[PDB]
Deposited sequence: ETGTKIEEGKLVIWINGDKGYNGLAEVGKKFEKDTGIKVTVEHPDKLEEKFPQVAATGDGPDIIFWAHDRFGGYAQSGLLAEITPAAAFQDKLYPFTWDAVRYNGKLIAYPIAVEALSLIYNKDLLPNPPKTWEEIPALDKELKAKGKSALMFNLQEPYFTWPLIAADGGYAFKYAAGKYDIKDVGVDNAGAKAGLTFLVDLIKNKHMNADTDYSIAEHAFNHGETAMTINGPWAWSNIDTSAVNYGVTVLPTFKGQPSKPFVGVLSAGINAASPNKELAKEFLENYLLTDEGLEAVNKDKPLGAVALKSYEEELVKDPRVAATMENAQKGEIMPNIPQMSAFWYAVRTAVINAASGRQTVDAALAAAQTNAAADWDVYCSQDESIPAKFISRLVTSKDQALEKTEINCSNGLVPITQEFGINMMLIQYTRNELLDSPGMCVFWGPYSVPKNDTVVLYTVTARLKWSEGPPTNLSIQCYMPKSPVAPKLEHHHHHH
């Protein structure tokens, strides 16, 4: 007789907790809002265990994956309620014909700039270097944004034609991935050049960028609505405008739709539906959550019509319309990880843009996931994906030999030993140790695998500290 909700920390969870307080008051059912770290990865683990929240708040891109594991309850809202929200929202949360969650809002990255430092922000990425040299002479910096998450660097990568998945035959095609093409190479290459010229640092993350911009150290940042609140608390007067173009083309951010899924194991499903439908989604509730932190353009029409008046929301919908809606298919979980690697390594010099993006193309389509330990004593772990509906025989290439893995069904696991021979029971051990360019601290252990269908190859790699 209680509702536990999971939502990210950057989103306002305080307002949502106030909504939960309203609900508790009326019906007497307590509502607790929590914000675990890396909740999108932690949710499947515990949901398969039978634990976890009744409701989970995340962008729709992950939800398909959850729905593939039977972790999400099916949504059956009334036709009136469906009419209360825009249709494209619902369409984003539709997976295999069924509604797996409730759309709460639309998110797209935008360019937030300091008007006092930069009254006229640039309309192109190519001007960022020239600006930087100027601002660095005054003790400031042109642009700082999170390079650790690919969500923030994707607009530049996709502007020139880089794309996550190609849509063909009524579905997103997994065998066609656009991370390795000329457009992505041009965008990420431009980023790496910006890092090599010291216009940006490869270690900058979300909190570093927020601290730099909100305190007036940098003139510009790239962020979404959730950040604006903090900037309103600072002394920085900020505009929100279109992202800079790249090679004369508009930056294409991946557009998320904040959605609330219902845990399939929850006994409270009726109460979660009551709370979300008749409490959370209203002018009042969305207004509260918006007060704590902005949601961007909400899916609820009545309140949206009032939010569009906000020029920041209008800009959010401009960048959103220039971008694309993220697919919700499970493979996204792989994509975001793969790209997350390519940007980081390429930014750290660990890999060339070409190698990083090729490995990212092979990884973005994932029949396998690797868990790299931080200690050489414990082996790495290899967990295959489900592959509901191909997957004939996959041959792994290991130091001690090759390990075949054939078909079967469901989930398949294999332990990849770090470099020790233990005696020889058909086991796989890593390659290496191998050198890591520009870094003497970390060494690299790799493995390759060749997948047969009814002729592709992936490369798994684990970086580890030396001492």
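Missing C-alpha coordinates mark the following deposited-sequence intervals, in order: 1-8, 398-400, 434-435, 468-470, 484-496.
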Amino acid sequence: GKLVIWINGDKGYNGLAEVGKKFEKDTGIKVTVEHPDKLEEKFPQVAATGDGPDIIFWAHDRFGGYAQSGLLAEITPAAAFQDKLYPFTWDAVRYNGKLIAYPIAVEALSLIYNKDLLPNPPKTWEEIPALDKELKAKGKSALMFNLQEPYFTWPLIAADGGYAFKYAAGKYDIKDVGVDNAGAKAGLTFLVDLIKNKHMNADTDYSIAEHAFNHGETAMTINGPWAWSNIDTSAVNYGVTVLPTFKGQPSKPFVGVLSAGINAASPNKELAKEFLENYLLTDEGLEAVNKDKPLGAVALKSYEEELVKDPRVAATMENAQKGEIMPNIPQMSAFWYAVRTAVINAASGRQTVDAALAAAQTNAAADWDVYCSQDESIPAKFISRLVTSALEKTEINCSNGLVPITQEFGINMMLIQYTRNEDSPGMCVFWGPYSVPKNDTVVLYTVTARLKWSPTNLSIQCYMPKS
From here on, numbers count along this sequence of modelled residues.
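On average the C-alpha atoms of 353-361 have higher B-factors than those of the other stretch, with 353-361 and 152-160 being the two compared. Here 86-94 and 270-278 are compared by their mean Cα B-factor, and 270-278 comes out higher.
Of the candidates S207, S302, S259, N237, the deposited coordinates give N237 the top C-alpha B factor. Across the residues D61, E34, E422, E40, the deposited record lists the maximum Cα B factor for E422. Among all modelled residues in its chain, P433 ranks in the lowest third by Cα B-factor. Ranked against the other modelled residues of its chain, the C-alpha B-factor of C462 as given in the entry falls in the lowest third. Compared with the other modelled residues of the chain, the Cα B-factor recorded for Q45 ranks in the highest third. Ranked by C-alpha B-factor against the other modelled residues of its chain, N412 falls in the lowest third.
Annotation for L451: CA B-factor lies in the highest third of the chain's modelled residues.
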